[PDB]
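Each chain, letter by letter, is given below.
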Amino acid sequence: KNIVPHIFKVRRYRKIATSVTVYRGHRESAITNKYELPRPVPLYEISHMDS
Amino acid sequence: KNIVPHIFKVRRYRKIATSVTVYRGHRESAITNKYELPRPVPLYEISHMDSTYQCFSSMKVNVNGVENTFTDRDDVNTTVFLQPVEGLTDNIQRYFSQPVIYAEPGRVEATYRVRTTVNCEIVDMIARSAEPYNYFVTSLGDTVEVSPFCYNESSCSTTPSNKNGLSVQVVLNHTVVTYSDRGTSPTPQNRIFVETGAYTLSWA
């Protein structure tokens, strides 16, 4: 009874949105990073981009 | 054929910078915590800090965008006494710089406060390696893909640090203070250091 797991390839698409908020006082660095919320790719629009 | 994994000890150094911004409305609490970026140590000054083991430089000035000092208004090369703290673990005598949360004034401000602090962290841990001894892991959970045996009648390490996203440094007669809590006078032995993306590992 073979036990080698089935293997294959896959392609994944992701959408990431992020912001930067660093100007505290006069000007600061890395004061507060945004939520960096990721989102799924658009249906058939990313496919058009994939096309 | 023996299967007991090779065991040894390791010492790690880290630099952490964090800020507290809580004065929302008039005065708020825990409005927004900073990124709390952990960073490696500058080796040379760190070695001097390691040699002192009771005086590590504060006010780290370092960032990918532009090196900026983050501290409680201190200087880059001035040192503070590391605090040997207790803990519930028989594998660590943790060593702290600035072991307290940032100032957090919480005064009457429109947006928030801007108080910030850094922290030099010196830790001792235990590392386990497999039979081939080409890579190993630490008790703290951090993983590294380098051979524990290197530059000791063996290849793959030298004094100049150069590797793919990694550093390979060997120091002869380094003579680590070997006791941060109570400075000692040990032998000047060799040692090897690696600077990671966020910290620095060290072992004999």
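Method information in the entry identifies cryo-EM as the source of the structure, with 3.6 Å recorded as the resolution.

**Brief notes about the overall build of chain B**
Scanning chain B for helices and strands turns up one helix and 15 strands. Taken along the three principal axes of its C-alpha coordinates, chain B extends 70 × 35 × 35 Å. Put simply, of all contacts in chain B between residues at least 6 apart along the chain, 51% involve residues at least 24 apart.

**Things to note about the overall build of chain A**
Secondary structure assignment for chain A yields one helix and four strands. Beginning at the N terminus, the succession of helices and strands in chain A can be written as β-β-β-β-α. Rg of the C-alpha trace for chain A: 20 Å, well past the compact-globule value of 10 Å for 51 residues, more than 25% over. Dimensions along the principal axes, computed over C-alpha positions, put chain A at roughly 70 × 30 × 15 Å.

**With respect to the pairing of strand β15 (residues 199-203) of chain B**
Residues and elements named next belong to chain B. Note: strand β1 (residues 6-21) against β15, four bridges, orientation antiparallel. Across the sheet, residue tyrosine 13 finds its bridge partner in β15, namely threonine 200. Where strand β14 (residues 191-195) and β15 come together, four bridges link them in antiparallel fashion. Its bridge partner being in β15, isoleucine 192 is matched across the sheet by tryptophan 203. A loop of three residues connects β14 with β15, the two strands running antiparallel in sequence.

**What about unusual backbone geometry?**
Residue and element names in this part refer to chain B. Here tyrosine 53, not a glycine, exhibits a phi torsion of approximately 65 degrees, which is positive. The phi torsion at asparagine 173 lies on the positive side, around 55 degrees, for a residue other than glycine. Checked against the element boundaries, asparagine 173 lands in the loop between β13 (169-171) and β14.

**With respect to the packing of aromatic side chains**
Aromatic ring pairs are defined here through the distance separating the ring centres and the angle between the ring planes. Residues and elements named next belong to chain B. The interplanar angle of 75 degrees and the centroid separation of 5.6 Å between the aromatic rings of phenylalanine 136 and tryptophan 203 together place this pair among those described as edge-to-face. With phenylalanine 136 in strand β11 (residues 136-138) and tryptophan 203 in strand β15, the pair connects residues that are 67 residues apart, well separated along the chain. Counting every residue linked through ring pairs, the aromatic cluster contains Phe8, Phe136 and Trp203. Above the ring of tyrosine 199, the side-chain terminus of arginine 12 is found at 4.8 Å from the ring centroid.

**Side note on the pairing of β1(B)**
Residue and element names in this part refer to chain B. Across 14 bridges, β1 lies against strand β10 (residues 116-129) in antiparallel orientation. Bridge pairing in β10 links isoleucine 7 to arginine 128. Relative to strand β3 (residues 37-39), β1 is paired through three bridges, and the arrangement is antiparallel. Residue pairing for β3: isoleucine 16 is matched across the bridge by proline 38. Pairing between β1 and strand β2 (residues 32-33): two bridges, direction antiparallel. Looking at the pairing, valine 20 lines up with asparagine 33 of β2.

Cut-offs applied
- Residues numbered from 1 in each chain as written, not as in the entry; some residues may be left out.
- Chains lettered and ligands numbered in written order.
- Part of a larger assembly, values for the part shown.
- Heavy atoms only, no water.
- Residues with missing side-chain atoms left out of burial classes, pairs and counts.
- Helix = DSSP H or I, 4+ residues; strand = E, 2+ residues; numbered from the N terminus.
- Contact = heavy atoms within 4.5 Å.
- Rg over C-alpha atoms; globule rule 2.2 N^0.38 Å.
- Pairing = 2+ DSSP bridges.
- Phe/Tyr/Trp six-rings, centres within 6.5 Å; stacked < 30°, edge-to-face > 60°.
- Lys NZ or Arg CZ within 6 Å of the ring centre and 35° of its normal.

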